[PDB]
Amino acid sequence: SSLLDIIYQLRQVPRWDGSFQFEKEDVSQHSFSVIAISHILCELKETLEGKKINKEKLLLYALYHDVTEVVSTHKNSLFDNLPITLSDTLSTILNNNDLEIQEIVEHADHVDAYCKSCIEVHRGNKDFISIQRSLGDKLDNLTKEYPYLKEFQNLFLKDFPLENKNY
């Protein structure tokens, strides 16, 4: 199985190609943030909409949401010699039809892109100012239709990144 190789190969897939970055990020760093953001968004959505979401399937889907970018950058070798318990879980993630999980991860993906733009602008990267504005405007519109995104915005995105890191 090439599954473990693909997990580490994601470090070789860059993002934001064509734009100058003070910090070049890869898909593994991006997917790490999307997992964490997906879980936070899901907890907020659970309380606001009065529900419980299966966070196992959500976190696993966010974990592999850009796994196809090892081929197409930014499916038969995965299951080779793979046991039935791993192939079933991998098939459920790869052939997901849970629209709510897809929506949360898509929102988390947009939040991460906006966070990346905030960090670059914070570093002094004027080339990301227009990217931050477009991603921020689209995010503001999403907060009008998804209350859990507005809650996330009020909790973290009002001062990001932190002025003084007092942990």
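Numbers follow the displayed sequence, beginning with 1.
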Extent of unmodelled deposited sequence, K75 relative to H74: 10 or more
Tell me which stretch, 43-51 or 111-119, has the higher mean Cα B-factor listed in the entry. 43-51
Identify the stretch, either 134-142 or 27-35, whose C-alpha atoms have the larger mean B-factor according to the entry. 134-142
Considering only modelled residues of the same chain, in which third does the CA B-factor of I6 rank: lowest, middle or highest? lowest
Sorting the chain's modelled residues by C-alpha B-factor and splitting them into thirds places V70 in the highest
Ranking the modelled residues of this chain by C-alpha B-factor as given in the entry, is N154 in the lowest, middle or highest third? highest
